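> the data below comprise the sequence and an experimental structure of the protein.
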Amino acid sequence: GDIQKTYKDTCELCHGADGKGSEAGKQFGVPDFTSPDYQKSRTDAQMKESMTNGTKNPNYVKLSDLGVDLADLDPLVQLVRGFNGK
Ligand code: HEC
């Protein structure tokens, strides 16, 4: 549905259809969302902080700069969690 469409349209280019990082995402330095070790290293609040505020890393565009509806943040975090263990 709508959240999966948003992921396909403005996240998958970097994060990949499998969450592991496309060739582009690996060039930019995405994490591996399928890694259980990566997943458990971040709380949901920490993910949301990065997505809302940006990080120290100049390669990461905060999601409001991508134009993403702020109401999509929580479901996008849940979608990212969905890659865990795949
Ligand atoms: C390339 C241009 C990207 C697009 C489009 C999106 N993301 Fe991304 N993301 C990217 C990088 C290079 C990184 C790591 C380095 C950094 O920029 O900070 C990330 C990181 C994330 C994370 C992890 C945050 C954490 O605290 O561990 C999440 C949860 C994330 N990205 C989600 C995400 C979503 C939902 C996107 C579409 C709306 C999206 N990203 C786009 C690179 C790129």
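Structure received. Numbers count the residues shown, from 1 in each chain.
> does the ligand sit close to stretch 31-44?
Yes: using C-beta under 6 Å from any ligand atom, stretch 31-44 comes into contact with the ligand via 31, 42. Where you see a C-beta, it was placed from the backbone N, CA and C, and this is true even at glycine.
> and for stretch 4-15?
Yes: judged by C-beta under 6 Å from any ligand atom, stretch 4-15 and the ligand are in contact via 10, 11, 13, 14, 15.
> list buried residues within those residues.
11, 14, 15 (16 or more other C-beta atoms under 10 Å).
> can you list those residues in a markdown table and add secondary structure?
Compiled in a markdown table, those are given as follows (DSSP: H, G, I helix; E, B strand; the rest coil):
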| residue | secondary structure |
| --- | --- |
| 11 | coil |
| 14 | helix |
| 15 | helix |
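> of those residues, which is the nearest to residue 86?
residue 15 (12.6 Å; C-beta to C-beta).
> for that closest one, what are its contacts?
7, 21, 22, 25, 30, 33 (C-beta atoms under 8 Å, 6 or more residues apart in numbering).
> which strand or helix spans the first one?
Just to be clear, that refers to residue 7. If you go by DSSP states H and E, residue 7 is part of helix 2-10.
> buried residues, that helix. List them.
For helix 2-10, by 16+ other C-beta under 10 Å, it's 6, 7.
> would you map the helices across this protein?
2-10, 12-15, 23-28, 36-40, 44-53, 73-81 (DSSP state H).
> adding distance to residue 63, write the ones you listed out as CSV.
Formatted as CSV, these follow (distance: least, C-beta to C-beta, whole Å):
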stretch, distance to residue 63
helix 2-10, 9
helix 12-15, 12
helix 23-28, 15
helix 36-40, 18
helix 44-53, 5
helix 73-81, 7
